[PDB]
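Form whose entry title says "open state", single chain, as structure tokens, below.
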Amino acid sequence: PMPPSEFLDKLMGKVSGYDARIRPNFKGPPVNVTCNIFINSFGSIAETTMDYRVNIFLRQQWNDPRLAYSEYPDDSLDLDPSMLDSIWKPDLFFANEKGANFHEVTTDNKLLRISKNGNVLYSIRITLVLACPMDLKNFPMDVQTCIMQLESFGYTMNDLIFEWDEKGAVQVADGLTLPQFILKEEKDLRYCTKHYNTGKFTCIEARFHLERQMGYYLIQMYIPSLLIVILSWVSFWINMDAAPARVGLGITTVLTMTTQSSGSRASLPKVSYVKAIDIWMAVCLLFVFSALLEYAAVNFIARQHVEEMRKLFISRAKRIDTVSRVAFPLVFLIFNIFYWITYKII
């Protein structure tokens, strides 16, 4: 009945000439390895380091005609992963690893099954900390495109070709949510074929389009910088001519808008360009700074020093205080319309 302890060593061992150092179809057509991944965990997307951690099931399917059995009755043999040191495997790697490891808890998390014609399925669990460049030109409203690319290191294009399969080449887990982002359904699958001075090597890559949850930044950044603009408008109502508190209220609201502007970039990389949260915290810094500059313009005109004109001399300091009480909720309201339309039109 061909006991299965003998059939493993009959097709892999010293007999039948199977050498694990030699690729299938040697000096012939190249090996066509097709791939698809299953993302278990996604996230911890850091921005100071500009990386993200993923946890994938890397499945590889190729054809090895030396492993094609004929006498065993069934169509597949799910095997022990101690056999995987004795068959040929493609030398796939990631061009943006930045450190990666296997999982070896209670057994090496590996899979091997061989069909009758020689089709070999090889599934391993890999934890990757993949590197992606962050384009933060409009920071709370951006759509990041972080990629992962699967190259060959030892075999060139005329020996080993990587492909995606047409039957859903990237599967995602059922309840995979992200704390700061969402993962869009459309995932690009293009080629990234590298040329070196050694040769040309195969490469396939999958783009992931991440869109931010803006609802966090409306709680910490935008609205608590919109309250302090209202504190700069409290100073336009008290006593209408001169007070020490109207400097002191314009003293204090600059302390926040300097600290909160520095506090808005506490967990960010040191990019050279200006971003969306900067030109909100800078324009709202002006409307705080122009509120103190307006009262300084009032006190400089009120403390200027007639027979009839002394009633008009207060009307030179009161007409300024009734334009600045009305026009600043028009200049702030025309910037607030100009800001969000510019960043919702992307």
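Rigid core here is just the name for the largest C-alpha set that superposes within 1.5 Å across the two forms. From 1 onward, residues are counted along the sequence shown.
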(message) In a third or more of the other compared PDB entries with flanking residues modelled, does residue 37 go missing?
(response) no
(message) Counting only other entries that model residues on either side, is residue 306 absent from the coordinates in at least a third?
(response) yes
(request) Using the PDB record, quantify the missing residues of the deposited sequence between residue 27 and residue 28 as none, 1 to 3, 4 to 9, or 10 or more. (result) none
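What follows is about the form whose entry title says "closed state", which we do not show.
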(request) Scan 193, 158, 127, 259 for the one whose CA shifts by 2 Å or more between this form and the one not shown after superposing the rigid core, and name it. (result) 259
(message) Is the shift of residue 31 between this form and the one not shown large enough to count as movement, that is, does its C-alpha move by 2 Å or more after the core is superposed?
(response) no
(request) Determine whether the C-alpha of residue 315 shifts by 2 Å or more between this form and the one not shown once the rigid core is superposed. (result) yes
(message) So, superposing on the core, is the move of residue 173 at the CA at least 2 angstroms between this form and the one not shown?
(response) no
